[PDB]
Ligand SMILES: *[C@@H]1O[C@H](CO)[C@@H](O[C@@H]2O[C@H](CO)[C@@H](O[C@@H]3O[C@H](CO)[C@@H](O)[C@H](O)[C@@H]3O)[C@H](O)[C@H]2NC(C)=O)[C@H](O)[C@H]1NC(C)=O
Ligand SMILES: *[C@@H]1O[C@H](CO)[C@@H](O[C@@H]2O[C@H](CO)[C@@H](O)[C@H](O)[C@H]2NC(C)=O)[C@H](O)[C@H]1NC(C)=O
Ligand SMILES: *[C@@H]1O[C@H](CO)[C@@H](O[C@@H]2O[C@H](CO)[C@@H](O)[C@H](O)[C@H]2NC(C)=O)[C@H](O)[C@H]1NC(C)=O
Ligand SMILES: *[C@@H]1O[C@H](CO)[C@@H](O[C@@H]2O[C@H](CO)[C@@H](O)[C@H](O)[C@H]2NC(C)=O)[C@H](O)[C@H]1NC(C)=O
Ligand SMILES: *[C@@H]1O[C@H](CO)[C@@H](O)[C@H](O)[C@H]1NC(C)=O
Ligand SMILES: *[C@@H]1O[C@H](CO)[C@@H](O)[C@H](O)[C@H]1NC(C)=O
Ligand SMILES: *[C@@H]1O[C@H](CO)[C@@H](O)[C@H](O)[C@H]1NC(C)=O
Ligand SMILES: *[C@@H]1O[C@H](CO)[C@@H](O)[C@H](O)[C@H]1NC(C)=O
């Protein structure tokens with residue numbers, strides 16, 4: 001299966017607008033996952049990593065995004081933070097694997113890479129696997145909001161990635177493999 | 001959608017933007033200080049201006065969230081940090097004039113020079129020239145010449161600027177709802193809204209005075225001891241009953257008595273502990289010194305240094321091509337990027353400095369998880385107090401033997417311990433009356449208790465009463481002695497050094513209790529002993545999120561400043577000095593002066 005087009009890609013999508021690619025009608029091989037990078041984490045919740053090649057599923061989805069290292073712990077069932085609540089949320093009943101690796105050598109620039117955006121302000125919590133790519137101005141105050149202003153904030157913020165930041169603030173590329181079973 | 005929730009949203013946005021702009025400013029500053037060049041000057045100034053413009057805009061926006069409705073102390077503290085306008089409260093003309101005065105004083109001090117009598121071509125700068133004269137020359141007249149020349153040529157240029165400075169700063173402080181600028185400085189210690197931990201600004205004055213009185217019995221004996229030794233150095237210039245001449249104390253201002261050690265050595269036939277030769281013989285370099293400091297911190301239970309620290313720090317002198325500021329500093333650039341800027345040489349002093357600056361970096365790391373505006377010490381004196389306890393522990397003979405620099409069979413005795421303690425007393429105790437008297441003088445000047453026409457008259461009386469130092473020559477009101485010191489000409493708070501010193505010992509004693517140490521406190525080594533590390537860490541990680549009185553209680557078991565740990569540290573020295581002075585007068589008269 002085409003796992004290399006997800007793990008080995010020029011640019012990963014922003015976490016506020018994560019890339020969900022569907023893999024179906026194929027024969028998967030998960031040993032290749034260990035040929036792309038040393039990993040920060042390779043954690044499976046509903047499956048055993050060493051048994052991945054013995055299971056059959058009707059669809060597997062690969063959710064591709066970039067987050068901070070200190071935010072890697074949020075890509076898990078039951079977690080909170082700006083990402084678990086406003087960018088990418090997993091269901092509590094989750095079958096899949098969360099794979100994350102350090103990408104400091106590819107995404108950081110000395111001037112700062114500001115092309116990776118995340119959501120910090122939202123009206124309500126996201127539902128599992130819900131995506132929202134709206135750029136409407138968030139109204140924090142009671143007055144009607146017309147553009148940016150005193151209590152009017154742009155809901156997205158960019159991460160400034162620079163090669164000299166500490167590990168917790170370097171970019172990490174995360175791929176979440178969700179295994180779905182239906183019929184056939 | 002109440003005001004508190006809007007304030008929290010505002011602060012979250014502030015913290016994100018502030019971290020990005022702060023990081024850019026701190027990195028540009030780093031690049032300038034490690035690679036000095038005009039392009040980096042322009043980059044430093046542009047990032048600095050961007051940062052200042054950001055803070056001014058955010059401060060203006062912060063005025064829309066009154067603190068009266070806010071219940072959460074963390075939010076209230078962050079808003080207090082942003083709402084104060086400072087110099088922005090002044091009119092445009094007064095603000096430019098105040099910045100002009102501050103820049104003028106900095107320029108006059110930094111480039112001030114004096115010239116040798118009858119030799120206009122041979123002129124000395126404060127550094128290295130006059131400082132070298134004041135520290136190493138034993139010729140009474142040369143020391144007096146350097147003293148008077150600095151006070152006349154520089155003090156008389158700064159006096160009218162200090163008068164205008166005091167007026168403008170008091171106007172600013174009053175406009176910020178402070179009684180005077182003295183209260184502005186003392187606001188750093190204010191606690192308001194935490195039941196049982198509150199601390200008023202005025203209370204700081206009272207606590208300092210009480211701790212000073214407790215210290216007096218120790219200082220009076222140290223002073224008397226030094227006097228006797230100086231009598232031998234200057235047989236015709238020092239009265240057995242009077243104050244010491246100010247120019248004979250071993251520094252330009254008498255801030256420290258560390259340079260008098262070579263005259264006052266208790267048992268001069270024995271050496272002090274100096275492990276420089278051991279470090280040279282073992283082929284040590286800057287990298288090993290920092291790695292050993294790292295081992296010290298890891299041993300106590302604190303985290304390892306990051307990879308970025310080892311790759312980005314500048315630990316050695318770059319050389320003759322790339323210029324750098326060789327002034328040891330610990331940098332926290334934000335967003336996990338920690339660095340030390342030092343020009344490390346193989347000497348015991350740099351070994352201890354490495355522990356001091358690592359002591360600072362560990363502190364910066366501990367509170368990195370706090371909101372941006374709270375990433376500082378509990379107050380101005382905690383950061384250095386932590387660094388100093390790290391230096392203080394690293395210096396003990398037990399440590400040097402365990403790391404392998406002091407001979408395994410070296411035997412400590414009481415004469416060595418006394419020589420060590422006197423050196424420490426000259427650098428730690430001899431500076432406390434100076435700091436107290438100087439800060440007290442400025443407080444009385446800003447408050448308005450000392451009229452301008454008596455600024456120097458009162459200055460010298462206080463110096464004689466508190467410190468025991470008398471001017472060698474009279475000075476009229478055209479001089480400005482206090483402004484001859486870096487921390488007075490420039491707008492800095494000097495009380496940091498008195499308060500910090502007491503904290504240094506309060507922490508060290510408590511840690512020694514955690515380590516189950518027995519015997520004299522000055523020999524205490526907190527290596528290993530992970531209980532002491534955890535005890536300190538629990539305070540270090542708090543930053544400014546808690547009142548300093550609680551941050552202190554969490555380590556030493558008290559909610560205020562004390563002096564007992566300091567007196568216990570120097571206890572055998574006090575006893576020895578009392579014995580040495582049995583045939584000498586202890587205390588001083590304020591009527592005698594070299595002039596009369
Ligand atoms: C804190 O604990 C550490 C151990 O975790 C202590 O370090 C150990 O100190 C002993 C000496 O007391 C070292 O043993 C000696 O090693 C030299 C190596 O050349 C050998 O020639 C001697 O015969 C002896 O075996 C031991 O190696 C050393 N351990 C480590 C891991 O470095 C440390 O001394 C304790 N702190 C203090 C202040 O004592
Ligand atoms: C003050 O506000 C801060 C948030 O700015 C609160 O801290 C949060 O507390 C909850 C408690 O469940 C934690 O889950 C959050 O992770 C904390 N967030 C942060 C950013 O620290 C704090 O508890 C509030 N304090 C009071 C007294 O209301
Ligand atoms: C400096 O800070 C004070 C508060 O500490 C600001 O005070 C308020 O300013 C608004 C205008 O922006 C006035 O309407 C309020 O009456 C002021 N409140 C008080 C307590 O007087 C002040 O504005 C700031 N400085 C400047 C130059 O605006
Ligand atoms: C701190 O970092 C060091 C590397 O700088 C870690 O590795 C140890 O380094 C010492 C250096 O003398 C070696 O002797 C050890 O064998 C190394 N350990 C291992 C497991 O290989 C050290 O473990 C780190 N310590 C902490 C507390 O994080
Ligand atoms: C992945 O992202 C790229 C842009 O980076 C986009 O063109 C592509 O369609 C995305 N793929 C999926 C499956 O959404
Ligand atoms: C990833 O792609 C690069 C080219 O962009 C290639 O050189 C590398 O070998 C690929 N790695 C894997 C594991 O497929
Ligand atoms: C120092 O700054 C100059 C500025 O132009 C730059 O060219 C040079 O590479 C820098 N050197 C170092 C060692 O940072
Ligand atoms: C050190 O101890 C000896 C014990 O006999 C004593 O005579 C000597 O005076 C002591 N010296 C100091 C400096 O305390």
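Start at 1 and count along the chain as shown; that gives each residue its number.
Method reported for this entry: electron microscopy, 3.2 Å.
Cβ coordinates are placed from backbone N, Cα and C, and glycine is handled just like the others.
Feature annotation from Swiss-Prot assigns disulfide bond to A:1-A:26, A:44-A:97, A:145-A:152. As annotated by Swiss-Prot, N-linked glycosylation site applies to A:8, with the evidence given as experimental evidence.
Taking the disulfide-bonded residues A:44, A:97, A:145, A:152 in turn and counting surrounding C-beta atoms within 10 angstroms, the largest count is reached at A:97. With the fewest other Cβ atoms inside 10 Å of its Cβ, the least crowded of the disulfide-bonded residues A:1, A:26 in this structure is A:26. The 6 Å Cβ screen around ligand 6 retains A:8 from the recorded positions A:1, A:8, A:145, A:152, ordered by sequence position.
Less than 8 angstroms from the CB of residue A:8 (N-linked glycosylation site) sit A:36, each of them six or more residues away in the same chain. Taking A:1, A:26, A:145, A:152 as the disulfide-bonded residues under consideration, the smallest Cα distance to residue A:97 (disulfide bond) is found for A:1.
A Cα-Cα distance of 43 Å separates residue A:145 (disulfide bond) from residue A:44 (disulfide bond). The disulfide-bonded residues recorded for this entry are A:1, A:26, A:44, and the Cα of A:44 lies nearest to that of residue A:152 (disulfide bond). DSSP assigns residue A:44 (disulfide bond) to a strand. Each residue contributes its Cα atom, and for residue A:44 (disulfide bond) and residue A:26 (disulfide bond) these two points are 21 Å apart.
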